[PDB]
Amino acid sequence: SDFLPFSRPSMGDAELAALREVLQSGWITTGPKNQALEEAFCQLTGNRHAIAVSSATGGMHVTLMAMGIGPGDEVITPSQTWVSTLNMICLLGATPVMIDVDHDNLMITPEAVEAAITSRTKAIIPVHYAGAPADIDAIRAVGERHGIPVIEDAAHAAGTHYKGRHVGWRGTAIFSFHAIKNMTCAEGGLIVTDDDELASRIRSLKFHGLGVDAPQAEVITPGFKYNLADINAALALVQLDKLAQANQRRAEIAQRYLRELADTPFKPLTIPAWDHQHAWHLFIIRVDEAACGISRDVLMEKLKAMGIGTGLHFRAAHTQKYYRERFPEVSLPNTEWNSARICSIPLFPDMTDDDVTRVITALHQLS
């Protein structure tokens, strides 16, 4: 009861009231609340199409499937990301081409993308990491020059702006509504795209391949089941209404960590030089034993003993058994250095000033 986790959702009477309305309606799976959430994300991003899905992982699965990616194709991706993207690429039969990230913001650079392009490349998947945007214009420019789509992993970037627009204003991006995300419906995701044909395929492939060949709907080609229930969509709508205030509070907390950890050896990520608004999904520090007098793993342990949770976002995929053995030649020095040294300290909007003080005090004590 005194434990301070690294994240907790902000669920209250508004969420319970939205659930009451869905239960009372009798329409609990995909329905009007899905449609409302999708319209809301078009209004948020300014992009044309929004497709709600059961998870961002499922969203990535069907987006890559709808693009036709399969055996013989390469997909450029960081290793420094969640394993879902790599797994989906593999489970479509395609080959992930893992590239290194910037050592201080953990995001892929246009130069590293261009160097990895081959005649087999069929997609590039940058990650907007921790709530900051990647330099998406420059990455998009590389893709355009070679005719390669860019699919943005925007799980961390609900409320992120880049050069004055919300992430995903154009192109294709995938958001997550998992429990630790800045807006949550326990599990859920949503794809935005400006590509009409892609949006039509995705919508079918997330609901059994059903489509019209006006004849009744039937399986046009096999698809998966990744639709989002209206129970969950209703929660997501409440949490999107809260997102601006939630991100404001996250930014206040993150600002205080940046300031009060500046005279500690723990090293936050660097803020990108391009114009942006950070959503502050995670507050990551690097723990370099030679600088801090403590290792990353030991810091996490001792914080836990003090009642303070931490997360590891992420253990680089290429270091994990399946990828380590399948892709033994992959050597990504910035990724490997950071992967061994990062952790996420508590950041969520229901944190009080005293919770933040407890974290800062503990880090000063352990340095």
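Throughout, we count residues from 1 along the sequence that is shown.
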Can you tell me how many deposited residues have no coordinates between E111 and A112? The categories are none, 1 to 3, 4 to 9, and 10 or more. none
I need to verify one thing: averaged over C-alpha atoms only, is the B-factor higher for 45-53 or for 24-32? 24-32
For 346-354 versus 13-21, entry-based mean Cα B-factors point to 13-21
Take the CA temperature factors straight from the PDB entry and tell me which of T63, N338, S331, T310 peaks. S331
Highest-ranked of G189, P149, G159, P272 once sorted by CA temperature factor in the record: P272
Cα B factor band for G171 (lowest, middle or highest third within the chain): middle
Ranking every modelled residue in this chain by its Cα temperature factor as given in the entry, which third contains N247? middle
According to the PDB entry, is the CA B factor of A154 in the bottom, middle or top third of its chain, that is, lowest, middle or highest? lowest
What third of the chain does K206 rank in for C-alpha temperature factor, lowest, middle or highest? highest
Compared with the other modelled residues in the chain, in which third is the CA B-factor of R145? highest
